[PDB]
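Novice: Below you'll find upload12.cif; it's mmCIF, C-alpha atoms.
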```cif
data_query
loop_
_atom_site.label_atom_id
_atom_site.label_comp_id
_atom_site.auth_asym_id
_atom_site.auth_seq_id
_atom_site.Cartn_x
_atom_site.Cartn_y
_atom_site.Cartn_z
CA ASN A 1 116.18 138.14 85.43
CA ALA A 2 115.78 138.75 89.18
CA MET A 3 112.24 138.81 90.54
CA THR A 4 111.71 140.63 93.82
CA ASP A 5 109.96 138.93 96.75
CA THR A 6 107.10 141.39 96.13
CA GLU A 7 106.55 140.41 92.49
CA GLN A 8 106.74 136.70 93.37
CA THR A 9 104.04 137.25 96.01
CA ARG A 10 101.91 139.22 93.54
CA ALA A 11 101.99 136.37 90.99
CA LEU A 12 101.30 133.79 93.70
CA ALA A 13 98.32 135.71 95.18
CA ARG A 14 96.83 136.01 91.69
CA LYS A 15 97.23 132.25 91.13
CA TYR A 16 95.73 131.46 94.55
CA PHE A 17 92.51 133.27 93.66
CA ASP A 18 92.43 132.07 90.03
CA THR A 19 92.82 128.39 91.01
CA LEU A 20 90.43 128.75 93.95
CA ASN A 21 87.71 130.37 91.85
CA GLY A 22 88.32 127.78 89.13
CA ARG A 23 88.11 124.94 91.69
CA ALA A 24 91.38 123.77 90.13
CA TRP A 25 92.23 121.60 93.11
CA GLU A 26 95.52 120.06 92.06
CA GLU A 27 96.96 123.46 91.08
CA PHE A 28 95.49 125.15 94.18
CA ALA A 29 96.91 122.48 96.52
CA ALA A 30 100.36 122.81 94.85
CA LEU A 31 100.65 126.50 95.78
CA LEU A 32 99.93 125.86 99.48
CA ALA A 33 102.62 125.08 102.05
CA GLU A 34 102.21 121.62 103.59
CA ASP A 35 101.73 123.43 106.93
CA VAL A 36 99.51 126.25 105.64
CA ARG A 37 97.52 127.94 108.40
CA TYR A 38 94.05 129.38 107.72
CA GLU A 39 92.17 131.69 110.07
CA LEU A 40 88.68 133.14 110.04
CA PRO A 41 89.05 135.69 112.87
CA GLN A 42 85.35 136.66 112.85
CA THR A 43 84.33 133.11 113.78
CA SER A 44 87.41 132.13 115.81
CA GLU A 45 88.14 129.26 113.43
CA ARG A 46 91.50 127.90 112.37
CA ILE A 47 92.44 125.19 109.89
CA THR A 48 95.99 123.79 109.94
CA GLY A 49 97.72 121.75 107.25
CA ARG A 50 97.27 121.59 103.49
CA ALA A 51 95.18 118.39 103.66
CA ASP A 52 92.47 119.81 105.95
CA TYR A 53 92.44 123.20 104.23
CA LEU A 54 92.00 121.57 100.80
CA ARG A 55 89.11 119.45 102.15
CA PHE A 56 87.42 122.55 103.64
CA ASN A 57 87.42 124.19 100.21
CA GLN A 58 86.30 121.01 98.41
CA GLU A 59 83.49 120.26 100.90
CA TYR A 60 82.09 123.81 100.70
CA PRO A 61 78.38 123.76 99.68
CA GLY A 62 76.57 125.96 97.14
CA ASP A 63 77.55 127.79 93.96
CA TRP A 64 79.87 130.70 94.77
CA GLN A 65 81.90 133.03 92.59
CA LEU A 66 84.67 135.52 93.33
CA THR A 67 86.18 138.45 91.44
CA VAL A 68 89.37 140.11 92.66
CA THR A 69 88.85 143.88 93.14
CA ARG A 70 92.17 144.86 94.74
CA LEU A 71 95.47 143.04 94.98
CA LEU A 72 98.38 144.47 96.98
CA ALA A 73 101.76 142.75 97.35
CA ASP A 74 104.50 143.85 99.77
CA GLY A 75 107.44 141.48 100.34
CA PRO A 76 106.03 138.11 101.49
CA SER A 77 102.60 139.64 102.16
CA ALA A 78 99.47 140.14 100.05
CA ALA A 79 96.11 141.76 100.77
CA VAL A 80 93.32 140.94 98.35
CA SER A 81 89.72 142.10 98.27
CA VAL A 82 87.14 140.10 96.34
CA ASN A 83 83.50 140.48 95.40
CA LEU A 84 81.85 137.22 96.38
CA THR A 85 78.49 135.94 95.22
CA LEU A 86 77.70 133.30 97.84
CA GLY A 87 74.42 131.66 96.86
CA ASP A 88 72.06 134.63 96.62
CA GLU A 89 74.14 136.93 98.83
CA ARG A 90 76.55 139.62 97.62
CA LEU A 91 79.57 139.69 99.93
CA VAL A 92 83.06 141.18 100.15
CA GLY A 93 86.15 139.28 101.22
CA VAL A 94 89.41 140.77 102.38
CA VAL A 95 92.15 138.17 102.56
CA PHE A 96 95.70 138.48 103.91
CA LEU A 97 98.27 136.05 102.56
CA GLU A 98 101.79 135.30 103.73
CA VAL A 99 104.24 133.54 101.42
CA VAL A 100 107.22 131.40 102.50
CA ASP A 101 109.57 129.72 99.97
CA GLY A 102 107.18 130.46 97.07
CA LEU A 103 104.19 128.83 98.79
CA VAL A 104 101.17 130.24 100.63
CA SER A 105 102.00 129.82 104.32
CA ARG A 106 99.17 131.78 105.99
CA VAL A 107 95.66 132.75 104.89
CA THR A 108 93.55 135.09 107.03
CA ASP A 109 90.02 135.62 105.70
CA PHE A 110 87.64 138.46 106.55
CA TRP A 111 84.08 138.45 105.21
CA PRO A 112 82.53 141.82 105.99
CA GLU A 113 78.75 141.97 105.54
CA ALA A 114 76.38 144.92 105.07
CA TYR A 115 75.10 146.57 108.27
CA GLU A 116 73.05 149.61 109.28
CA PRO A 117 75.24 152.60 110.20
CA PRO A 118 74.97 153.97 113.76
CA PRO A 119 73.14 157.35 114.03
CA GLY A 120 74.89 160.71 114.47
CA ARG A 121 76.73 161.34 111.18
CA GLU A 122 73.77 161.77 108.79
CA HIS A 123 74.94 165.38 108.23
CA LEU A 124 78.37 164.23 107.06
CA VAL A 125 77.50 161.23 104.88
CA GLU A 126 76.05 160.67 101.44
CA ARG A 127 74.24 157.33 101.07
CA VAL A 128 75.42 155.73 97.81
CA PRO A 129 76.73 152.26 96.80
CA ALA A 130 80.51 151.86 97.03
CA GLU A 131 82.49 152.21 93.79
CA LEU A 132 84.28 148.81 93.70
CA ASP A 133 82.78 146.77 96.54
CA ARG A 134 79.45 145.04 95.93
CA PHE A 135 76.94 144.31 98.69
CA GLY A 136 74.17 145.09 96.19
CA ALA B 1 112.03 157.43 93.20
CA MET B 2 111.36 154.37 91.00
CA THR B 3 108.36 153.42 93.19
CA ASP B 4 106.05 155.22 95.63
CA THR B 5 106.06 152.18 97.98
CA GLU B 6 108.20 153.39 100.89
CA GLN B 7 106.63 156.85 100.73
CA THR B 8 103.20 155.16 100.93
CA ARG B 9 104.39 153.01 103.87
CA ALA B 10 105.41 156.12 105.85
CA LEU B 11 102.18 157.97 104.93
CA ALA B 12 99.93 155.03 105.97
CA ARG B 13 101.85 154.71 109.25
CA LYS B 14 101.47 158.46 109.95
CA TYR B 15 97.75 158.34 109.03
CA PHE B 16 97.15 155.80 111.79
CA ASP B 17 99.57 157.29 114.33
CA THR B 18 98.02 160.78 114.05
CA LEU B 19 94.46 159.41 113.93
CA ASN B 20 94.99 157.31 117.06
CA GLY B 21 96.88 160.15 118.76
CA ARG B 22 94.03 162.57 117.94
CA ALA B 23 96.71 164.80 116.43
CA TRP B 24 94.14 166.58 114.29
CA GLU B 25 96.20 169.23 112.54
CA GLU B 26 98.83 166.64 111.51
CA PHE B 27 96.08 164.17 110.51
CA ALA B 28 94.21 166.76 108.41
CA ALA B 29 97.49 167.76 106.69
CA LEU B 30 98.04 164.28 105.24
CA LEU B 31 94.55 164.15 103.72
CA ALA B 32 93.89 165.34 100.20
CA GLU B 33 91.55 168.35 100.11
CA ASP B 34 89.27 166.11 98.02
CA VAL B 35 89.75 162.89 100.07
CA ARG B 36 86.96 160.32 99.60
CA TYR B 37 86.10 158.03 102.50
CA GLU B 38 83.87 155.03 101.95
CA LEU B 39 82.26 152.53 104.27
CA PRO B 40 81.05 150.02 101.64
CA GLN B 41 79.15 147.91 104.22
CA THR B 42 76.84 150.82 105.06
CA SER B 43 76.91 152.47 101.61
CA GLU B 44 78.26 155.65 103.25
CA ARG B 45 80.55 158.15 101.58
CA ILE B 46 82.24 161.23 103.05
CA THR B 47 83.88 163.70 100.67
CA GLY B 48 86.48 166.37 101.43
CA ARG B 49 89.10 167.00 104.11
CA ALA B 50 86.80 169.16 106.29
CA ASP B 51 83.92 166.66 106.52
CA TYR B 52 86.23 163.67 106.99
CA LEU B 53 88.15 165.45 109.78
CA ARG B 54 84.79 166.29 111.40
CA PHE B 55 83.59 162.65 111.17
CA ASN B 56 86.69 161.49 113.05
CA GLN B 57 86.48 164.24 115.70
CA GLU B 58 82.75 163.75 116.39
CA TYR B 59 83.03 159.95 116.64
CA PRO B 60 82.06 159.06 120.23
CA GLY B 61 83.72 156.75 122.78
CA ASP B 62 87.25 156.19 124.08
CA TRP B 63 88.36 154.40 120.92
CA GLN B 64 91.94 153.20 120.51
CA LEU B 65 93.57 151.69 117.40
CA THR B 66 96.57 149.37 117.06
CA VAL B 67 98.00 148.55 113.61
CA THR B 68 98.45 144.78 113.17
CA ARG B 69 99.39 144.73 109.46
CA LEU B 70 100.55 147.45 107.10
CA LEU B 71 101.16 146.61 103.44
CA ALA B 72 102.41 149.26 101.00
CA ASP B 73 102.41 148.68 97.23
CA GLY B 74 103.21 151.66 95.00
CA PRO B 75 100.52 154.28 95.72
CA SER B 76 98.29 151.82 97.66
CA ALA B 77 98.16 150.54 101.24
CA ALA B 78 96.20 147.89 103.14
CA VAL B 79 96.13 148.15 106.91
CA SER B 80 94.45 145.97 109.54
CA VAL B 81 93.76 147.48 112.96
CA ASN B 82 92.49 146.24 116.29
CA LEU B 83 90.05 148.80 117.69
CA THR B 84 89.05 148.91 121.35
CA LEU B 85 85.98 150.91 122.37
CA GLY B 86 84.86 150.40 125.95
CA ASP B 87 84.70 146.64 126.50
CA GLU B 88 84.18 146.06 122.77
CA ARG B 89 86.98 144.78 120.53
CA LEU B 90 86.58 145.21 116.76
CA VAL B 91 88.80 144.71 113.71
CA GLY B 92 89.16 147.17 110.82
CA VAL B 93 90.67 146.63 107.40
CA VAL B 94 91.48 149.83 105.54
CA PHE B 95 92.61 150.39 101.97
CA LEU B 96 94.36 153.68 101.23
CA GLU B 97 95.13 155.31 97.89
CA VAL B 98 97.80 158.01 97.68
CA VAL B 99 97.94 160.88 95.16
CA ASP B 100 100.69 163.54 95.30
CA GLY B 101 101.93 162.38 98.71
CA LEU B 102 98.48 162.78 100.29
CA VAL B 103 95.77 160.29 101.25
CA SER B 104 93.26 160.49 98.40
CA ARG B 105 90.97 157.54 99.06
CA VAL B 106 90.10 155.65 102.23
CA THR B 107 87.95 152.51 102.14
CA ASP B 108 87.07 151.04 105.57
CA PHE B 109 85.81 147.54 106.33
CA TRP B 110 84.64 146.55 109.81
CA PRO B 111 83.90 142.83 109.58
CA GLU B 112 81.64 141.79 112.47
CA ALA B 113 82.16 138.68 114.57
CA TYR B 114 79.64 135.89 113.84
CA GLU B 115 78.86 132.25 114.66
CA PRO B 116 80.21 129.82 112.03
CA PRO B 117 77.77 127.74 109.91
CA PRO B 118 77.68 123.98 110.66
CA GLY B 119 79.41 121.34 108.52
CA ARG B 120 83.14 121.94 109.05
CA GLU B 121 83.50 121.09 112.76
CA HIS B 122 85.71 118.08 111.85
CA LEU B 123 88.13 120.31 109.95
CA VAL B 124 88.24 123.43 112.12
CA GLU B 125 89.64 124.27 115.52
CA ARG B 126 87.70 126.82 117.56
CA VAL B 127 90.42 129.23 118.64
CA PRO B 128 90.87 133.05 118.62
CA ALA B 129 92.94 134.57 115.78
CA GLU B 130 96.66 135.20 116.35
CA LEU B 131 96.65 138.95 115.53
CA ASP B 132 93.04 139.99 115.08
CA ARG B 133 91.15 140.71 118.32
CA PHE B 134 87.36 140.32 118.56
CA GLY B 135 85.30 140.40 121.79
#
```
Can you dump the structure from the file as structure tokens?
Specialist:
Amino acid sequence: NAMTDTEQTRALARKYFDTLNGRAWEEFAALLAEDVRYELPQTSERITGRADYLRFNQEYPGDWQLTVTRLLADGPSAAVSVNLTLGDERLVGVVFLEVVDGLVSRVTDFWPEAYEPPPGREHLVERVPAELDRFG
Amino acid sequence: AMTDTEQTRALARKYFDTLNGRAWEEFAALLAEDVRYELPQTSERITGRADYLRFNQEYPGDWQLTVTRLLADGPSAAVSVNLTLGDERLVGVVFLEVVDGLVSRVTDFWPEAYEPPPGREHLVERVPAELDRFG
């Protein structure tokens, strides 16, 4: 009958992405800590508090879609990669979650984008689309 | 062992310690002979222990890595690192897959710093991340 911290986090991370992708705002808000802290390190942005974070998601323009590609859970921590279609762009997200008392306490979002590789390793690389992660 | 988790945690830790320490024989030894490295952002793939070792050894600059998060989950790991290279500060996120106590798959992401799109100024604070160090 006893669920480990890890399995609780796994279930919660799954629900976070399912309710987010479904724009199921009441259910999404209910899994966030009142003092949830969101960071986008790439842009040096932070959002604090469930109210502001919910608004940020609700006010977000365009028609986006995510599909979870990896989901790791380890104690209170999750790391999740997603394929994102953001408008016309194919993107990847890597999101770190921290869970406290069965609620999402921290969200740290990374949104890596395609880039041209630096020269010097042509002899070691094969150029081919990645197996799971979609930039095209 | 009921799960591979703690074995994966140690292996992921050693992968980064030896890589950062340029301890090449120890680093090579924890790679599968058939290790596959991917950089999905650049659509690059490197296959095999020899070529992957070579990629790491030939990489230029006085790079230094510090692990900021390390999650282990059965045979999988997710690790974030702060990389310093000259004046530049970059962040890596790496997914590892383990087969037979060796690193079998490595998937690197190097998300680049960018300027945020307008429209959320009233909801966001402009402040550097707690753990993740960009220039």
Novice: Counting all atoms listed in the file, which residues of chain A come no farther than 8 Å from chain B, as a PyMOL selection string?
Specialist: chain A and resi 39-47+52-53+55-56+72-74+77-79+94+110-117+121+124-130+133-135
Novice: Just C-alpha atoms for this one: save the residues we selected as a PDB file, in the frame of the given file.
Specialist:
```pdb
ATOM      1  CA  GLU A  39      92.170 131.690 110.070  1.00  0.00           C
ATOM      2  CA  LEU A  40      88.680 133.140 110.040  1.00  0.00           C
ATOM      3  CA  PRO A  41      89.050 135.690 112.870  1.00  0.00           C
ATOM      4  CA  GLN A  42      85.350 136.660 112.850  1.00  0.00           C
ATOM      5  CA  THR A  43      84.330 133.110 113.780  1.00  0.00           C
ATOM      6  CA  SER A  44      87.410 132.130 115.810  1.00  0.00           C
ATOM      7  CA  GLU A  45      88.140 129.260 113.430  1.00  0.00           C
ATOM      8  CA  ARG A  46      91.500 127.900 112.370  1.00  0.00           C
ATOM      9  CA  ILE A  47      92.440 125.190 109.890  1.00  0.00           C
ATOM     10  CA  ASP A  52      92.470 119.810 105.950  1.00  0.00           C
ATOM     11  CA  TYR A  53      92.440 123.200 104.230  1.00  0.00           C
ATOM     12  CA  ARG A  55      89.110 119.450 102.150  1.00  0.00           C
ATOM     13  CA  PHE A  56      87.420 122.550 103.640  1.00  0.00           C
ATOM     14  CA  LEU A  72      98.380 144.470  96.980  1.00  0.00           C
ATOM     15  CA  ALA A  73     101.760 142.750  97.350  1.00  0.00           C
ATOM     16  CA  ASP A  74     104.500 143.850  99.770  1.00  0.00           C
ATOM     17  CA  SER A  77     102.600 139.640 102.160  1.00  0.00           C
ATOM     18  CA  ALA A  78      99.470 140.140 100.050  1.00  0.00           C
ATOM     19  CA  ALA A  79      96.110 141.760 100.770  1.00  0.00           C
ATOM     20  CA  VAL A  94      89.410 140.770 102.380  1.00  0.00           C
ATOM     21  CA  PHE A 110      87.640 138.460 106.550  1.00  0.00           C
ATOM     22  CA  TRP A 111      84.080 138.450 105.210  1.00  0.00           C
ATOM     23  CA  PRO A 112      82.530 141.820 105.990  1.00  0.00           C
ATOM     24  CA  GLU A 113      78.750 141.970 105.540  1.00  0.00           C
ATOM     25  CA  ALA A 114      76.380 144.920 105.070  1.00  0.00           C
ATOM     26  CA  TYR A 115      75.100 146.570 108.270  1.00  0.00           C
ATOM     27  CA  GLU A 116      73.050 149.610 109.280  1.00  0.00           C
ATOM     28  CA  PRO A 117      75.240 152.600 110.200  1.00  0.00           C
ATOM     29  CA  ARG A 121      76.730 161.340 111.180  1.00  0.00           C
ATOM     30  CA  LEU A 124      78.370 164.230 107.060  1.00  0.00           C
ATOM     31  CA  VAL A 125      77.500 161.230 104.880  1.00  0.00           C
ATOM     32  CA  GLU A 126      76.050 160.670 101.440  1.00  0.00           C
ATOM     33  CA  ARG A 127      74.240 157.330 101.070  1.00  0.00           C
ATOM     34  CA  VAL A 128      75.420 155.730  97.810  1.00  0.00           C
ATOM     35  CA  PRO A 129      76.730 152.260  96.800  1.00  0.00           C
ATOM     36  CA  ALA A 130      80.510 151.860  97.030  1.00  0.00           C
ATOM     37  CA  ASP A 133      82.780 146.770  96.540  1.00  0.00           C
ATOM     38  CA  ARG A 134      79.450 145.040  95.930  1.00  0.00           C
ATOM     39  CA  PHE A 135      76.940 144.310  98.690  1.00  0.00           C
TER      40      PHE A 135
END
```
Novice: Starting from the PyMOL selection byres ((chain A and resi 18) around 12), expand the selection into actual residues of this file and give them as a list in words.
Specialist: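 Output from the PyMOL selection byres ((chain A and resi 18) around 12), applied to this file: residues 11, 12, 13, 14, 15, 16, 17, 19, 20, 21, 22, 23, 24, 25, 27, 28, 31, 65, 66, 67, 68 and 82 of chain A.
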Novice: Using all atoms listed in the file, which of A:57, A:64, A:2, A:107 sits nearest residue 90 (chain A)?
Specialist: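 Nearest to residue 90 (chain A): A:64.
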Novice: Running the PyMOL selection byres ((chain B and resi 64) around 12) on this model by hand, what would come out? Give it as number ranges by chain.
Specialist: B: 16-22, 59-63, 65-67, 81-92
Novice: Take the residues that were just selected and, keeping C-alpha atoms, output them as a short mmCIF file (atom, residue, chain, number, x, y, z; two decimals), in the coordinates of the input.
Specialist:
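The file below, result.cif, is the result:
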```cif
data_model
loop_
_atom_site.label_atom_id
_atom_site.label_comp_id
_atom_site.auth_asym_id
_atom_site.auth_seq_id
_atom_site.Cartn_x
_atom_site.Cartn_y
_atom_site.Cartn_z
CA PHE B 16 97.15 155.80 111.79
CA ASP B 17 99.57 157.29 114.33
CA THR B 18 98.02 160.78 114.05
CA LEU B 19 94.46 159.41 113.93
CA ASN B 20 94.99 157.31 117.06
CA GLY B 21 96.88 160.15 118.76
CA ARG B 22 94.03 162.57 117.94
CA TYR B 59 83.03 159.95 116.64
CA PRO B 60 82.06 159.06 120.23
CA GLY B 61 83.72 156.75 122.78
CA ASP B 62 87.25 156.19 124.08
CA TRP B 63 88.36 154.40 120.92
CA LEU B 65 93.57 151.69 117.40
CA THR B 66 96.57 149.37 117.06
CA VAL B 67 98.00 148.55 113.61
CA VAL B 81 93.76 147.48 112.96
CA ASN B 82 92.49 146.24 116.29
CA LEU B 83 90.05 148.80 117.69
CA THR B 84 89.05 148.91 121.35
CA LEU B 85 85.98 150.91 122.37
CA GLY B 86 84.86 150.40 125.95
CA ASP B 87 84.70 146.64 126.50
CA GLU B 88 84.18 146.06 122.77
CA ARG B 89 86.98 144.78 120.53
CA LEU B 90 86.58 145.21 116.76
CA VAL B 91 88.80 144.71 113.71
CA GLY B 92 89.16 147.17 110.82
#
```
Novice: Between CA of residue 102 (chain A) and CA of residue 2 (chain B), what is the distance in Å, rounded to a tenth?
Specialist: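 So the answer is 25.0 Å.
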Novice: From the list A:48, A:35, A:30, A:86, which residue is nearest residue 60 (chain A) when using all atoms listed in the file?
Specialist: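 Smallest separation from residue 60 (chain A) among the options: A:86.
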Novice: For the atom pair CA of residue 25 (chain B) and CA of residue 104 (chain B), what is the interatomic distance in Å to one decimal place?
Specialist: 16.9 Å
Novice: Just to confirm, what's the straight-line distance from CA of residue 54 (chain A) to CA of residue 68 (chain B) in Å (one decimal)?
Specialist: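 We find that CA of residue 54 (chain A) and CA of residue 68 (chain B) lie 27.1 Å from each other.
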Novice: Please evaluate the PyMOL selection byres ((chain B and resi 30-32) around 7) against the structure above and give the resulting residues as a list in words.
Specialist: residues 26, 27, 28, 29, 33, 34, 35, 49, 102, 103 and 104 of chain B
Novice: Listed atoms of region 63-72 of chain A, axis-aligned box, 4 Å per side: centre and edge lengths to one decimal in Å, as JSON?
Specialist:
```
{"center_x": 88.0, "center_y": 136.3, "center_z": 94.2, "size_x": 28.8, "size_y": 25.1, "size_z": 13.5}
```
Novice: Please produce region 91-107 of chain A, completed to N, CA and C atoms, as a compact mmCIF listing (two decimals), in the coordinates of the input.
Specialist:
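Result file follows (part.txt):
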```txt
# COMPACT_ATOMS: atom_id res chain seq x y z
N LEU A 91 78.65 139.56 98.81
CA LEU A 91 79.57 139.69 99.93
C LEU A 91 80.89 140.29 99.47
N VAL A 92 81.68 140.76 100.42
CA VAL A 92 83.06 141.18 100.15
C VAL A 92 83.99 140.36 101.03
N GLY A 93 85.10 139.92 100.45
CA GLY A 93 86.15 139.28 101.22
C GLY A 93 87.39 140.14 101.20
N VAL A 94 88.10 140.16 102.32
CA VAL A 94 89.41 140.77 102.38
C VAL A 94 90.30 139.70 102.98
N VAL A 95 91.32 139.31 102.22
CA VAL A 95 92.15 138.17 102.56
C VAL A 95 93.61 138.60 102.65
N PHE A 96 94.26 138.25 103.76
CA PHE A 96 95.70 138.48 103.91
C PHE A 96 96.44 137.17 103.70
N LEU A 97 97.43 137.21 102.82
CA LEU A 97 98.27 136.05 102.56
C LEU A 97 99.70 136.31 103.01
N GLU A 98 100.36 135.25 103.47
CA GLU A 98 101.79 135.30 103.73
C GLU A 98 102.43 134.17 102.95
N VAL A 99 103.54 134.48 102.29
CA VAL A 99 104.24 133.54 101.42
C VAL A 99 105.60 133.19 102.02
N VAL A 100 105.91 131.89 102.06
CA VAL A 100 107.22 131.40 102.50
C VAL A 100 107.72 130.41 101.46
N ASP A 101 108.94 130.61 100.97
CA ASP A 101 109.57 129.72 99.97
C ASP A 101 108.67 129.47 98.75
N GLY A 102 108.02 130.53 98.27
CA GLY A 102 107.18 130.46 97.07
C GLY A 102 105.85 129.73 97.23
N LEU A 103 105.45 129.49 98.47
CA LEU A 103 104.19 128.83 98.79
C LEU A 103 103.39 129.67 99.78
N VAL A 104 102.07 129.55 99.71
CA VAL A 104 101.17 130.24 100.63
C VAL A 104 101.26 129.56 102.00
N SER A 105 101.75 130.32 102.98
CA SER A 105 102.00 129.82 104.32
C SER A 105 100.88 130.16 105.31
N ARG A 106 100.26 131.33 105.13
CA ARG A 106 99.17 131.78 105.99
C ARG A 106 98.08 132.40 105.14
N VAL A 107 96.83 132.13 105.52
CA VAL A 107 95.66 132.75 104.89
C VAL A 107 94.80 133.25 106.04
```
